[PDB]
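Take a look at this single chain in structure tokens; it is the form deposited in one PDB entry.
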């Protein structure tokens, strides 16, 4: 589960704290969890684990983490979003949270998949989840009711 970022005086919330994006040259480590855009049946963002990165090809190897075993994908860095490594504390670094109505990618409850959603409510207290409205064409107005997603599993779209 993710630690709260606790910065000292004059420290910016860092890359991968809450909504602060990774640096443009960033490379994730083996074992890091990421959102990975893979071909589906269509394309789909999935929860995945980094196996390696090659600087020669700018491609990761990632494993889809499923309860029956893992399936390997090889992906450009452009299809891999590192998850946050710290929660932003709403009480100290509120500006590092996604705000109401922002478009994000969020892990759908009880899945290992990410989908487009709008922020319904950011966390108000350090232990809180986001509340989001997932895009869902099964409903007339096209949105789920508010569903909880932890800071770990909400990334920029």
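Positions refer to the first chain, counted from 1. Superpose the two forms; the largest set of C-alphas matching within 1.5 Å is the rigid core. Residues that one form lacks are left out of the comparison.
Below, we turn to the form deposited with a partner chain bound, even though it does not appear here.
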{"query": "Proximity of residue 63 to the partner chain in the entry with it bound, heavy atoms at 4.5 Å", "finding": "no"}
{"query": "Proximity of residue 46 to the partner chain in the entry with it bound, heavy atoms at 4.5 Å", "finding": "yes"}
{"query": "4.5 Å heavy atom contact, residue 121 to the partner chain in the entry with it bound", "finding": "no"}
{"query": "Large-shift segments between the shown form and the other one, meaning 3+ residue runs whose Cα move 2 Å or more when the rigid core is superposed", "finding": "9-11, 67-70"}
